[PDB]
């Protein structure tokens, strides 16, 4: 494990063959309300566009998944609710170790009044994408599929 770079949100290392990008673990929050899912959008310079996503972020030091989940929901949408741990996944285990912890939010309450809050019915997000009008981050897609799988 030889490091070629130690950055702000990632490190670039080598393990002989493998190029490994170490990355901080992250969280994602799935929230449904009156048939609409809470998506969000922000400019993403890494991809040149603003894909459809759900409240998410990096787990800060001394903070655990749940806590991180709570903070992200509040900082990105100004809402708080009852969170339940659903599952987790490695974004791309082929080169990075970024692991995302997904949560479900219920009984959302306005606790606060350029990260666009986008309430939208999962069915329409799915249609817009199939029509090529909008893109998906892993979180957005997982939010939609999860919904179609367990929240209808």
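Numbering follows the first chain given and starts at 1. C-alpha atoms forming the largest set that superposes within 1.5 Å between two forms make up the rigid core.
Root-mean-square C-alpha deviation from the shown form, taken over all structures in 6 other deposited structures of this protein superposed by the rigid core, is larger for 104 to 112 than for the alternative among 104 to 112 and 36 to 44. Per the record, residue 113 and residue 114 are separated by 4 to 9 deposited residues that are missing from the model. Taking the PDB entry as given, 122 to 130 carries the higher mean Cα B factor of the two stretches 31 to 39 and 122 to 130. Here the stretch with the larger average CA B-factor, out of 64 to 72 and 104 to 112, is 104 to 112.
Among the modelled residues of its chain, residue 147 has a C-alpha B-factor that falls in the middle third according to the deposited record.
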